[PDB]
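Below, each value reflects all heavy atoms present in this structure, side chains not excepted, and no hydrogens, waters or symmetry copies. Indexing begins at 1, ligand by ligand and atom by atom, following the structure's order. For the single chain, residues carry numbers from 1 onward in sequence order.
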Amino acid sequence: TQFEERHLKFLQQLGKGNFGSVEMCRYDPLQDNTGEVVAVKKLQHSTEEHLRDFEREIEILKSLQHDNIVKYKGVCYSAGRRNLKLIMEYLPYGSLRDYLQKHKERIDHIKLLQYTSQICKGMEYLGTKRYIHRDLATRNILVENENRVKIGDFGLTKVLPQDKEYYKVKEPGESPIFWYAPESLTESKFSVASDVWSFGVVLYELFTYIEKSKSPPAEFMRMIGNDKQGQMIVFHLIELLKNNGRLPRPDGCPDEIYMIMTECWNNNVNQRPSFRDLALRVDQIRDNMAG
Ligand SMILES: CS(=O)(=O)c1ccc(-c2cccn3nc(Nc4ccc(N5CCOCC5)cc4)nc23)cc1
């Protein structure tokens, strides 16, 4: 689980998010083109604040072993702590967001529910470790193959305090406000329940097939009125959600699946379903579609 920098060969950028960046690299210590391809995450700009966060993120990933969670391989200190790299398994199909968009004709509703189910199982497992993901979105879900997705990034994930069911955090800069629960917007409270709200948005995303005009940002902005910007956007979002304004049912989405989304989007934190009950309900719907 210790990787030397000089044996890591850059191939491609895979994405930036929050304050990290991920690259596809070949780890080739024999320098004979026989090493495996791996995903390598690093800080966009190394900083003491971010490095301490990055180290916690690494310990979180390292602590997680689950079919629907991306695998930790090691760390590359090599160029010093300030050039800390996280080495993970490379998943060849990319983000679910991108995959779905590219293969919309091939992916039916039965298949979307398989992915949904797998995402719920990953999240239930996180929950057993009292980890709050804080950034559930299709851009952070990865595709290993046609039958398996994994939660693939943990940049914003926090551990609950021992004595509370929520964690208050406010990081500098841009937050994915259109995936956030109301209490995360108004009070900065994150919880398993806020992750369930976001899971609702993931389910919406999936059933929209990532159609551009249908993304959560684009829908909420239209509902808010596109004649608004800056620090008044979150103010109007809070008001819209407080008055039970919600993302519409996607085109073709069955009502029983939309019901799941709307129940995740309860203003009452305590009435949102559990991840185990979501898996249950999704698997029943899956079966009734199987027949
Ligand atoms: C949300 S992000 O962009 O910060 C990000 C990107 C990648 C990862 C990541 C973490 C751990 C393992 N993997 N494997 C892949 N694979 C992968 C493969 C292809 C593509 N793309 C398809 C070709 O177009 C560009 C991206 C993206 C990711 N990506 C990862 C985590 C977060």
> Would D28 and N33 count as a side-chain hydrogen bond (donor to acceptor under 3.5 Å, both in side chains) if you check the C-alpha gap in whole Å, the side-chain angles of each, and the deciding distance to 0.1 Å?
Replying inline: CA-CA 6 Å; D28 192 35; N33 207 229; 4.9 Å; no
> Hey, which residues fall under 4.0 Å of ligand 1 on heavy atoms?
Replying inline: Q12, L14, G15, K16, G17, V22, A39, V70, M88, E89, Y90, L91, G94, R139, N140, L142, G152, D153
>> Checking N270 against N268: is there a side-chain donor and acceptor pair closer than 3.5 Å?
In response: no
> Hey, is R130 close enough to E165 for a salt bridge, meaning N to O under 4.0 Å?
Replying inline: yes
>> Once you measure the plane-to-plane angle for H50 and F19, does it fall in the parallel (<30°), tilted (30-60°) or perpendicular (>60°) bin?
In response: parallel
> So among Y131, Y166, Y180, which one has a ring-ring contact (aromatic ring centres under 6.0 Å, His included) with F190?
Replying inline: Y180
> Taking atom types as modelled, is there a side-chain donor on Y72 or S63 under 3.5 Å from an acceptor on the other?
Replying inline: no
